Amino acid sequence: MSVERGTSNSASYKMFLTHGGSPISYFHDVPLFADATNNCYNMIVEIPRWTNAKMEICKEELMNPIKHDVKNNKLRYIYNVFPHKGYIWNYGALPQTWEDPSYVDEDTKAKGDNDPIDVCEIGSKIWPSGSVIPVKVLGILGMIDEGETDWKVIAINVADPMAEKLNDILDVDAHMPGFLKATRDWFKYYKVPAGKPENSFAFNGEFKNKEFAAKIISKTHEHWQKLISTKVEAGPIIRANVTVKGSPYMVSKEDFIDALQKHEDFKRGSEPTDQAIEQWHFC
């Protein structure tokens, strides 16, 4: 169960995860694997398909709620780059992973974007923000965002009917012609209508298969494990707090169990809508 606080469509909006009416961290307290190494991962859905609001798990706040990303001091909405409407997958991230910013990847030759590893979920169901769902990984794209390592995992909700026919990245291309290309294009151009340069990619933009994913994911999990393990070491501004026992059990940054500070601002529905939710950009 997830719960909401503050006023929606504003900076004061926060969404926390709970278990048993008791808050846990989206970042740290959700296991990376839903089911063993039977290649079933937990995905945190930040952004529903065909939506424009850039929701993110917040690293800088206690319990790591999902909140609106902000730019300029305004709520951030991504652009519609023709022919796409908003995010064209359910977009989010794998818990207990970290794109380490002091670590250079030999294949992107860049450092990490300081956030959990990103996921694009491609099932037909539109998942609401804050959902936690089990996914099979199919492959991965080596995005170099604004000069930072920004791997994008390709995955599908394991209860989707296509999950059976889709076992590796090649299957995706056979059943979804044009989909992989549109996906590269999306990440390539999506900041151009903000005046930002085109993004680039590792391996000349080649989607790598599910075996090369898993390995990359496991690496980001090790970094997360190091960030949490102990490393009693200031990784500026990320709050590493985590709860119950175990969860994570070894961590120095553990505590138990907050509850009290989960008292921020009772929720309130609000004035919706603002920016370029509506406009088409041609890039």
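Residue indices: 1-based, along the sequence shown.
173-181 set against 70-78, stretch whose average Cα temperature factor tops the other in the entry | So the stretch with the higher mean C-alpha B-factor is 70-78.
Between 47-55 and 231-239, which has the higher average C-alpha B-factor in the PDB entry?
-> Mean CA B-factor is higher for 231-239.
In terms of CA temperature factor as recorded, identify the highest of 107, 115, 121, 211.
-> That would be 107.
Compare the C-alpha B factor of residue 253 with those of the other modelled residues in its chain, then answer lowest, middle or highest third.
-> Within its chain, residue 253 is a highest-third residue by C-alpha B-factor, going by the deposited values.
Considering only modelled residues of the same chain, in which third does the CA B-factor of residue 165 rank: lowest, middle or highest?
-> Tercile = highest for this residue's CA B-factor.
Is the Cα B-factor recorded for residue 40 in the lowest, middle or highest third of its chain?
-> Within its chain, residue 40 is a highest-third residue by C-alpha B-factor, going by the deposited values.
Relative to the other modelled residues in the chain, which third contains the C-alpha temperature factor of residue 95: lowest, middle or highest?
-> Tercile = lowest for this residue's CA B-factor.
How does residue 196 rank on Cα B-factor within its chain, lowest, middle or highest third?
-> Answer is highest: the recorded C-alpha B-factor places it there.
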